[PDB]
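Here is the naming used below: chain letters follow the sequence lines, and residue numbers restart at 1 for every chain. All ligand and atom numbering here is 1-based and tracks the order in the structure. Side-chain atoms are counted along with the backbone in the values below, which use heavy atoms only and exclude waters and symmetry mates.
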Protein chains: 2
Amino acid sequence: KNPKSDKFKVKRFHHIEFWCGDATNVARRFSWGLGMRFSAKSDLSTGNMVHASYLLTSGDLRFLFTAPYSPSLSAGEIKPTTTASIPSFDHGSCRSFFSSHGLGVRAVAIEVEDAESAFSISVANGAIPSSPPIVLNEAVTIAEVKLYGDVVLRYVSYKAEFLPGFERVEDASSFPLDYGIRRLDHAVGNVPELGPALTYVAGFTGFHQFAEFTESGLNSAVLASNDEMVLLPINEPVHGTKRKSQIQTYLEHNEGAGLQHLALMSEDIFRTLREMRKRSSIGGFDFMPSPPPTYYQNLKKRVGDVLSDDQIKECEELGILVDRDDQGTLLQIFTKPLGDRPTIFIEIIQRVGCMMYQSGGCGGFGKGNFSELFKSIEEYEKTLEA
Amino acid sequence: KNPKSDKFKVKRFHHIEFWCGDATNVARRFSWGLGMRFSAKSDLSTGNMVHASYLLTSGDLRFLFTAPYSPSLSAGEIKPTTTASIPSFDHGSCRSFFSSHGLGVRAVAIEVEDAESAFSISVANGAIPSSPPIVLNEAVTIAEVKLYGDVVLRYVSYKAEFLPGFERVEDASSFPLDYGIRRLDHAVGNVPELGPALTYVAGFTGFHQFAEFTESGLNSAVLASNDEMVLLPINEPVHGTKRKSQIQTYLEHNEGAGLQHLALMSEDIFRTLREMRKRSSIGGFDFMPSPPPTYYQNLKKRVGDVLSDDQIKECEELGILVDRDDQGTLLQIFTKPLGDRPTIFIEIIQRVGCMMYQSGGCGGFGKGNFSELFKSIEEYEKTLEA
Ligand SMILES: CC(=O)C1=C(O)C=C2Oc3c(C(C)=O)c(O)c(C)c(O)c3[C@@]2(C)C1=O
Ligand SMILES: CC(=O)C1=C(O)C=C2Oc3c(C(C)=O)c(O)c(C)c(O)c3[C@@]2(C)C1=O
Ligand SMILES: [Co+2]
Ligand SMILES: [Co+2]
């Protein structure tokens, strides 16, 4: 059931901002590995003496990569005179975030009708303020509240081209890469305590519970906006298992709560994964180990109604996982961690079904692949021995 | 003249170590952009709880990329019990270096006959110690002294595979990229005062002056080992010119002295530059703007004895610069800065002549291209107007 209790008008995911040590190298790596175009910049060449910010896009997906310059460049500036294009930016907060967590997501940004009212309403309803509403060039309003750990939920609203102060990138340096990724489907946080985290976030957004889950080492629940196009799962560790909780491992290496994974919807997951896997060992992203043949043998029985034998064979070539709800079918695969620490990673997704446009969350988040993978693995060792 | 006054036995450049925020993303970017293989690692997967270090190689060139993990992972360790594979590493020094300078070279490493004696002799002769000699696995000795700014000269010596504690990389993740780069030719520092810097470095190494230079905005001089295979140019700004000194701009954005550029010798600079330029806008490195056609028209007159018209045309397609000594010919080109700040960049080089093996420094460092580029530029505006 959907109570449509959003406390303000939320539209869609707008962008994800990574806080980096060197935004140039991370952005160029991500661009090649994921097939995202360099679309805009704000840096020394645009008059920004405070931070370097580079924007990559693929369809509606926007990845922002930001790093600080030497504070000495802007020592005579004050906030009213700043050259920063993102006025919430702070040298000290960025260096401390990166020193503490390594490469990771600082901001999950959603587009709202009015960022000033979204901020006021959120804070009125328990949100911890992070950056007050600031109007950029009389055109865009941005505001930030704490989401979990040092991750902020960023509100952006447009009177009506990413942000004022950003410039479109010289087309020679903007190669039209595209591997099929089109938008952000969901963004997942890891926290030490799910209950309080859910209460806090649902408390100030009015987002409703979309789904929930739980021998796995985690509990999770999904918060969703009114039309369920903004999906925010949150995980907590479950202690006392044979294997150490993967969520606990995250918290230890991340020094606490933070963003765990970004799920990127592809319009053609076969082509996305072919293109990404071709580049894994030449600067791109690695993928988790593939399921055994027994997993794909059991897929025929599970989704032979949705996917032909040839489409299943292509899933097996690419390592793709498949889960199915009572409403839709889900194709998914996970990258290895994006950087040095075993913390943040990316998920590639495509959903089948729930046509009306496709409704958000169609097919769930893969809750059935725990059971299937474990059963798959038991049955594969059996064939190997036998 | 060469006095061969080295105070200890120096062999060749061994490796360059970058200090990073995320070594994974910088290494993968450099690998694709420069055509370097992933050759070894020391990280969590090898038992190193302190730092992540990834080694790229192309021929004899070795680029090491190192970043710190959370100190919490190694909080129970002490130096005698450390899991760090590079015992000079310090979380605090690395974060402070990166916070102050951004992405850049921490260590210029040279192979010597005996790193312990090289360290003792250097310190006896005025070198500022940075890390005392440490024997790794009874096989490799490493020691460090200050070179300039926060850059160290690292001595490595082998009894007799990069360093103990490093593991060869899984061949699936080691794609055999190769664009023709084969070794490090020279490494150039920027300092505020050339005289004292030269005195200090020549004082503890016994390296001799190989070359010197100087309206350019800089003074430079080159220190060289006995056989002149280790070449260490150093630049200082010259203040009071129409344009601000490029060296001064470096010092301001780098927060002081540091490594300015690495010159990488190619065995086929045409193929290296074709391969690198193909990748500039898809995750690789950008190049400085090419000289005008007038520069290449005047090359026929200057090196038509060394390069055919077709070889000159290929230089013009690729933006390659050409200088010539009384002893050899030099082909060279410069990248844009490697990261966010207008600080460190790379030079690709190939030398022609001085055969005996080829003697180091063959053809100089491009001192004639100041005059030629300026004259080239004046003559090109002339054709445009006319
Ligand atoms: C929110 C999200 O994005 C998620 C994700 O992408 C991958 C899924 O795998 C699991 C698993 C297992 C056995 O792997 C589990 O035990 C629980 C309790 C769980 O909740 C999930 C999933 C469905 C999930 O939540
Ligand atoms: C040491 C090194 O590697 C160097 C480099 O790679 C590029 C060269 O260009 C110049 C220039 C000009 C006009 O560009 C100059 O005025 C001076 C005094 C100079 O000393 C050099 C060079 C030769 C140099 O030193
Ligand atoms: Co997911
Ligand atoms: Co040079």
N/O to N/O below 3.5 Å, does that happen between [X] and ligand 1?
X	answer
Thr214(A)	no
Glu347(A)	yes
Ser216(A)	yes
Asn219(A)	no

ask   = Passes side-chain contact (heavy atoms from CB on, under 4.5 Å), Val10(A) versus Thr205(A)? Steps please.
value = CA-CA 9 Å; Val10(A) 172; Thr205(A) 58; over 6 Å; no
query = Under the side-chain contact (heavy atoms from CB on, under 4.5 Å) criterion, do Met288(A) and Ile333(A) qualify, and how do the steps go?
reply = CA-CA 8 Å; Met288(A) 290 275 84; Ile333(A) 192 171; over 6 Å; no
query = So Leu299(A) and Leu307(A), side-chain contact (heavy atoms from CB on, under 4.5 Å) or not? Walk me through it.
reply = CA-CA 9 Å; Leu299(A) 261 182; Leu307(A) 299 177; 5.8 Å; no
query = Can you name the side chain to side chain donor-acceptor pair (under 3.5 Å) partners of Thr272(B), sequence neighbours left out?
reply = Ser266(B)
Atoms of ligand 1 close to [X] [distance to a heavy atom under 4.0 angstrom, numbered from 1]:
X	value
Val188(A)	3 (O)
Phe365(A)	2 (C), 4 (C), 5 (C), 6 (O), 7 (C), 8 (C), 23 (C)
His261(A)	2 (C), 3 (O), 5 (C), 6 (O)
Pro233(A)	1 (C)
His186(A)	3 (O)
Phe334(A)	6 (O), 7 (C)

query = Just wondering, are more than 12 heavy atoms of other shown residues or ligands nearer than 6.0 Å to CD in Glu267(B)?
reply =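 Yes.
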query = Do any N or O atoms from the side chain of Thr343(A) and from the backbone of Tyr250(A) form a donor-acceptor pair under 3.5 angstrom?
reply = no
message = Using a 3.5 Å distance criterion without hydrogens, assess whether the side chain of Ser225(A) forms a donor-acceptor pair with backbone atoms of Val230(A).
response =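 Yes, because the side chain of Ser225(A) sits within donor-acceptor range (under 3.5 Å) of the backbone of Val230(A).
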ask   = Do the rings of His261(A) and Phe345(A) sit parallel, tilted or perpendicular, given the 30° and 60° boundaries?
value = parallel
key: Count, waters excluded, of protein N, O or S atoms under 2.8 Å from the Co ion (ligand 3)   = 3
task = Measure from NZ or CZ of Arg351(B) to the centre of the six-membered ring of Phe365(B), then state whether that distance is under 6.0 Å and the direction lies within 45° of the axis.
result = yes
request  = Please state whether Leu218(A) comes within less than 4.0 angstrom of ligand 1, counting heavy atoms only.
outcome  = yes
Candidate list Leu223(B), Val191(B), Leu153(B), test side chain to side chain contact (heavy atoms under 4.5 Å, CB included), partner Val201(B), passing option =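 Answer after filtering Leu223(B), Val191(B), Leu153(B): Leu223(B).
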request  = Report the C-alpha separation of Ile348(A) and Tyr179(A) in whole Å, then their side-chain angles, then the decisive distance to 0.1 Å, and conclude whether the side-chain contact (heavy atoms from CB on, under 4.5 Å) test is met.
outcome  = CA-CA 11 Å; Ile348(A) 307 309; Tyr179(A) 311 160; over 6 Å; no
